[PDB]
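Chemist: Quick one: the structure is below, questions incoming.
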Protein chains: 2
Amino acid sequence: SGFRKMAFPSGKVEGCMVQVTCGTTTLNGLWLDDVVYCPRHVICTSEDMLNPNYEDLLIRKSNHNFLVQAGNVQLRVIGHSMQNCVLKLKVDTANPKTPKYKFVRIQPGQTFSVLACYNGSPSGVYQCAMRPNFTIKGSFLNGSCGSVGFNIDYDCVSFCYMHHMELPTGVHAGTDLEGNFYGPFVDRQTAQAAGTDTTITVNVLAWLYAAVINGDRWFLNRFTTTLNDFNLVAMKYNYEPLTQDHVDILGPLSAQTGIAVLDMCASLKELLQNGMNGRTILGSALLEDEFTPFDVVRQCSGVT
Amino acid sequence: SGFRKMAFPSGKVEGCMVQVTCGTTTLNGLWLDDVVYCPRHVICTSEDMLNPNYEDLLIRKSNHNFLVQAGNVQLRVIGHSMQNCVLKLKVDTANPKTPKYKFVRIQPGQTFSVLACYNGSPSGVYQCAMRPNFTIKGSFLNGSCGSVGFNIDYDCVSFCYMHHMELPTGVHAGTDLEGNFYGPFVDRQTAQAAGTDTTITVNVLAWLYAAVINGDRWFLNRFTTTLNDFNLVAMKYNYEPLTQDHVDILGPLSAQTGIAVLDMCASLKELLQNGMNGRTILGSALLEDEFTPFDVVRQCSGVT
Ligand SMILES: N#Cc1cncc(NC(=O)Cc2cccnc2)c1
Ligand SMILES: N#Cc1cncc(NC(=O)Cc2cccnc2)c1
C-alpha cells in the first residue's frame, strides 16, 4: 500500500546522456546508436535567440564546431542535420549503452518521467504530464535543455519529450524526438503565453480509484450521474470532458474496486462542488491529475 | 523554475539489484562487491513470521539454500551471516557494476530516494523522508522487501534504508544497511503501531524558501516572531520544535532570498493559524515537509 508520484528507473536513459557544446553554448544531448539528438538552439547566441534563422545560422557551422562529450571522452562528429527543432549529430561510435528504444509523440494527459540533466550529467528524475495546453510543469534551470522525457515497457525506452524552453510563466515547452514542438511554441525568445490549463479528468478518476484501493474511502458517496451531467460540472471547473473512451480505459480499475465509473464521477462531482473540507486524499489536499489509469494499475500491481 | 519532488538518478542502484530466494520466499537483495544484503525474513515461511526465532531458523539453512539471481544469471553463494535484521550472503563474484558507496544511518527529517523492486527488477523511483516516528510513507507491495533507500554525492551512493515491512496503518518500516531498524519496529508479524507523525518544521521552511525563489510569494507577511513564540505554535500543530541548528542550516536559503529565518517562521505561523484559504504553494494545497534545506539548494542550483 501507499501511493507515490513514481518515476521509471532512469538507468537506461542515464547511459544516453551526453554534453553538446557549440561555440559558447552548452546543453544536453541524447546519444542513441551513432546519433546525438539535441535542441537546435545550441547553435544560438543570446542575441540570435531574439529572432533566429536556424537555416542561416547552421550554414556557418561545420561537424567540428559541435563538441560532443560522453562522460569524460570526446565523440567524433561525422555528420550534422536539422530535423524540425532538433539537431542530429552523426558520430563515428554507436553508444554501447543504447537501450531498446522508440520515439513516440504523446497525447496531452499522458504521463512521463524526466531525467533533468546539466552538462550531460543527470541531476534528478521526476514524474510529469503533458498538460492539455501542451506544456509541462517541470523543474528545469538554464542548462537543462536537451533533458528528455520517457516511458519504459519492460526493456524498451519510449522517448517522448526533449526540453527546449521555459515560458515567462515558469512552465516548460519542448519537442518530441523528431523536433516537433508540443503545442504552438516556437524556439524563439519571444513572449509566448500558454492556453487554459485544464484538469485531466480521466487521471483524477484513476487517482480516486488508487485512493479507494489504498484505504482512503471518505469521498465515496451514495450518488451516481451520467456522462452529460458530469461534463456540465467538468466544464464549469475547467476539467476535460469525459468520453466513453475514458470510461473504457477506467474499466480495469472499476472492475478491481467494484465501483462503477459513473459512480466515481458522482464522487468527483461532489468533491468539485463542495471541496475537500480540510480533508486529504492520498496525502494530498487537492485533486491529483498526473497519474494515468495505466500508472495506477502499474503501481498498484508492481509492474517491473 | 518549477519545483518537483525529485529523486536521484537510479542507475547506480539498478546495477546492484538482485533476487534472493530461500525456499518458497522471494525478495530483493543488494549486491555490492562480493556481498548480497537482504532482509533476514527471507528465511521465513508465513507461519514462522508470527513469532520467528531467526537464530534457530538460520541453523537449518546452508549456503546452497540461498538462491541469488542477478538479472538472468545465478551467483554462487560461498558464505552466509546474520547482521542484526539483514543477511549478508557472500558470493564468489564481485558486482562489476558496484558504484562508490557508503552505509549511513539517517536522522528523522532527512530525505532519500527509493528504488522499488520486485523479483530483483526495478519498477520505479520516488523521493521519501524518514518520518520523526521512524516510518516512511512509501509505495510498496508484497515482494518489494529488500528495496533500498539512498542518497548520491556526485559518484558516491549512500545507502540508508532497506525495506522490511508494512504496518497495518499502510506506512513502512525498515532498517539501515547494518540491519538495525529505524524506530522500535521488529521483523515480526505482530501489530506494531507507529507513534505521532509530526511535521518536519525545518523542511516546511526550506520549501517556503523554494516557493519564494519560484515566484509563489502570497504567504509572505509583515510579521516576525521568536524561536520560543514560533515553537508554542509548532507544538500546537504537531510540528517539530525549531532549534538554532535548524535556523543555521536555513542560512543559505535565507541569504539567497533576503528573508530572515524568523520572518519565514512568522509566515509559517500565520499559515498554520489561518490555513491556505483555498490557495496553493508550489502546486500544493498543504505544507510540504519532505524537502530538506539541502534538497532545496540542490534543485534550485542544479547539482549533478
Ligand atoms: N527553444 C527554445 C528557447 C527559446 N527561448 C529561450 C530558451 N531558453 C530557455 O528557456 C532556457 C531554460 C531556462 C530555464 C528552464 N528551462 C530552460 C530556449
Ligand atoms: N521484517 C518484517 C516483516 C514483518 N511482518 C511482515 C512482513 N511482510 C511485509 O510487510 C510485506 C510487505 C507488504 C507490503 C509492503 N511492504 C512489505 C515483514
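Numbering of chain A is taken from Swiss-Prot, so the residues present carry the numbers 3264-3567, in order.
If you're wondering, the header gives X-ray crystallography, 1.9 Å.
Every residue, even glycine, has its Cβ placed from backbone N, Cα and C.
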Chemist: If you check Swiss-Prot for ubiquitin cross-link, which of A:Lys3353, A:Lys3499 comes up?
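Modeler: Checked Swiss-Prot: the ubiquitin cross-link annotation sits on A:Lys3353.
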Chemist: Mind running the recorded positions A:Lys3268, A:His3304, A:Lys3353 against ligand 1 and keeping the ones whose CB falls under 6 Å of it?
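Modeler: From A:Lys3268, A:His3304, A:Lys3353, counting a Cβ under 6 Å from ligand 1 as near, the near ones are A:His3304.
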Chemist: Out of A:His3304, A:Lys3353, A:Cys3408, which of these recorded positions is nearest A:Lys3268 (ubiquitin cross-link) by C-alpha distance?
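Modeler: Nearest candidate: A:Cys3408.
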Chemist: Using a 10 angstroms cut-off on Cβ to Cβ distances, just flag whichever of A:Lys3268, A:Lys3353 is the loneliest among these recorded sites.
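Modeler: Selected from the recorded sites A:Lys3268, A:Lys3353 on minimum Cβ neighbours within 10 Å: A:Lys3353.
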Chemist: Roughly how many Å separate the Cα of A:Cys3408 (active site, nucleophile) from that of A:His3304 (active site, for 3CL-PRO activity), to the nearest whole number?
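Modeler: The Cα atom of A:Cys3408 (active site, nucleophile) is 9 Å away from the Cα atom of A:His3304 (active site, for 3CL-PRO activity).
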Chemist: Quick test of understanding: given the recorded positions A:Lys3268, A:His3304, A:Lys3353, A:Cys3408, name the ones whose C-beta is under 8 angstroms from chain B.
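Modeler: From A:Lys3268, A:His3304, A:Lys3353, A:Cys3408, the ones near chain B are A:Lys3268.
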Chemist: Count the Cβ atoms, other than its own, that fall within 10 Å of the Cβ of A:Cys3408 (active site, nucleophile), considering every protein chain shown.
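Modeler: I get 26 for this one.
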Chemist: For the C-alpha pair, I'd like the distance in angstrom between A:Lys3353 (ubiquitin cross-link) and A:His3304 (active site, for 3CL-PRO activity), rounded off.
Modeler: 17
